[PDB]
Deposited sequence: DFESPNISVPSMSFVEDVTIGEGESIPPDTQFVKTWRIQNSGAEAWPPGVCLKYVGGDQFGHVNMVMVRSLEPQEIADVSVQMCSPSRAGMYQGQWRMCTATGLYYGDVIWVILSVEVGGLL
(Lines of atoms letter the chains of each structure in order from A and count residues from 1; the text may use other names and numbers.)
(Lines give C-alpha, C1' and ligand atoms only; values in the text may rest on other atoms or scores of the structure.)
Protein backbone atom coordinates (compact mmCIF):
# COMPACT_ATOMS: atom_id res chain seq x y z
CA UNK A 1 0.00 0.00 0.00
CA UNK A 2 1.34 3.45 -1.03
CA UNK A 3 2.10 5.90 1.86
CA UNK A 4 1.03 9.58 2.15
CA UNK A 5 2.75 12.75 3.46
CA UNK A 6 1.62 16.41 3.76
CA UNK A 7 3.79 19.44 4.37
CA UNK A 8 2.87 21.16 7.70
CA UNK A 9 5.39 24.07 7.88
CA UNK A 10 8.95 25.33 7.67
CA UNK A 11 10.36 25.17 11.19
CA UNK A 12 13.51 27.10 10.09
CA UNK A 13 14.69 28.90 6.89
CA UNK A 14 11.34 30.33 5.70
CA UNK A 15 10.46 31.23 2.04
CA UNK A 16 11.40 34.85 3.00
CA UNK A 17 14.62 34.52 5.08
CA UNK A 18 18.23 35.60 4.23
CA UNK A 19 21.40 33.57 5.17
CA UNK A 20 25.02 34.84 4.42
CA UNK A 21 27.31 33.00 1.90
CA UNK A 22 29.20 29.77 2.84
CA UNK A 23 27.31 29.76 6.20
CA UNK A 24 26.39 26.45 7.91
CA UNK A 25 22.71 26.05 8.85
CA UNK A 26 20.07 23.45 9.76
CA UNK A 27 16.90 23.13 7.67
CA UNK A 28 13.89 21.75 9.55
CA UNK A 29 10.46 20.87 8.15
CA UNK A 30 7.32 19.69 9.97
CA UNK A 31 5.48 16.90 8.05
CA UNK A 32 2.58 14.48 8.68
CA UNK A 33 1.50 10.98 7.76
CA UNK A 34 -1.71 12.08 6.03
CA UNK A 35 -2.52 8.38 5.22
CA UNK A 36 -4.75 5.66 6.66
CA UNK A 37 -1.92 3.32 7.82
CA UNK A 38 1.50 3.68 9.47
CA UNK A 39 4.48 4.38 7.20
CA UNK A 40 6.44 1.18 6.42
CA UNK A 41 9.87 0.66 8.09
CA UNK A 42 12.95 2.08 6.40
CA UNK A 43 11.45 5.36 5.04
CA UNK A 44 13.59 8.49 4.49
CA UNK A 45 13.49 12.08 3.18
CA UNK A 46 15.60 12.36 -0.04
CA UNK A 47 17.00 15.17 -2.14
CA UNK A 48 15.27 15.09 -5.64
CA UNK A 49 16.30 18.22 -7.65
CA UNK A 50 17.28 21.86 -7.80
CA UNK A 51 20.24 23.36 -5.88
CA UNK A 52 22.16 21.31 -3.27
CA UNK A 53 23.33 22.90 -0.01
CA UNK A 54 24.08 15.00 1.75
CA UNK A 55 21.04 13.48 -0.04
CA UNK A 56 19.04 11.39 2.47
CA UNK A 57 17.92 11.45 6.14
CA UNK A 58 16.05 8.60 7.86
CA UNK A 59 12.59 9.47 9.26
CA UNK A 60 10.58 7.38 11.77
CA UNK A 61 7.63 5.19 10.67
CA UNK A 62 4.84 7.63 11.49
CA UNK A 63 1.40 6.43 12.69
CA UNK A 64 -1.60 7.89 10.77
CA UNK A 65 -2.07 11.62 11.46
CA UNK A 66 1.29 11.81 13.34
CA UNK A 67 3.58 14.88 12.96
CA UNK A 68 7.45 14.69 12.63
CA UNK A 69 10.22 17.35 12.66
CA UNK A 70 12.83 16.40 10.01
CA UNK A 71 16.18 18.17 10.04
CA UNK A 72 18.94 18.29 7.45
CA UNK A 73 22.42 19.86 7.98
CA UNK A 74 23.20 22.27 5.05
CA UNK A 75 25.67 25.00 3.90
CA UNK A 76 24.61 28.07 1.90
CA UNK A 77 26.22 28.66 -1.58
CA UNK A 78 29.44 30.66 -2.02
CA UNK A 79 27.88 33.40 -4.25
CA UNK A 80 24.87 35.73 -3.64
CA UNK A 81 21.45 34.96 -5.17
CA UNK A 82 18.20 32.98 -4.95
CA UNK A 83 18.52 29.13 -4.76
CA UNK A 84 15.88 26.31 -4.55
CA UNK A 85 16.12 22.64 -3.62
CA UNK A 86 13.43 19.90 -3.81
CA UNK A 87 13.05 16.97 -1.34
CA UNK A 88 10.52 14.13 -1.20
CA UNK A 89 9.81 11.08 1.04
CA UNK A 90 11.00 7.62 -0.19
CA UNK A 91 10.33 4.01 0.85
CA UNK A 92 12.86 1.18 1.52
CA UNK A 93 11.94 -0.16 -1.98
CA UNK A 94 12.85 3.18 -3.71
CA UNK A 95 9.35 4.47 -4.31
CA UNK A 96 8.86 8.24 -3.76
CA UNK A 97 5.66 9.51 -2.22
CA UNK A 98 4.05 12.55 -0.63
CA UNK A 99 4.38 16.27 -1.23
CA UNK A 100 7.57 17.74 -2.69
CA UNK A 101 9.04 20.09 -0.02
CA UNK A 102 11.40 23.01 -0.66
CA UNK A 103 14.49 24.80 0.68
CA UNK A 104 14.56 28.35 -0.76
CA UNK A 105 17.60 30.58 0.07
CA UNK A 106 18.34 34.24 -0.52
CA UNK A 107 22.16 34.51 -0.02
CA UNK A 108 23.28 38.14 0.71
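Numbering from 1, run down the deposited sequence and write out every stretch that has no C-alpha in the structure.
-> Missing CA coords at 1-7, 61-62, 118-122.
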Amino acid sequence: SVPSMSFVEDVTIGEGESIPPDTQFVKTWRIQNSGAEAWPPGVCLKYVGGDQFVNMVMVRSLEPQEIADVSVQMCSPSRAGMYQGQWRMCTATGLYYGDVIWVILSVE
From here on, numbers count along this sequence of modelled residues.
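Check: Would 59-67 or 22-30 have the larger average of its C-alpha temperature factors, as given in the entry?
Finding: Per the deposited B-factors, the answer is 22-30.
Going by the average Cα B-factor in the PDB entry, point out whether 72-80 or 38-46 comes out higher.
The recorded data point to 72-80.
**Study point:** Chain-wide C-alpha B factor ranking for residue 9, given as lowest, middle or highest third
**Key:** It falls in the middle third of the chain.
* Of the three thirds of its chain by CA temperature factor, lowest, middle or highest, which one includes residue 16? -> According to the entry, residue 16 has a C-alpha B-factor in the chain's highest third.
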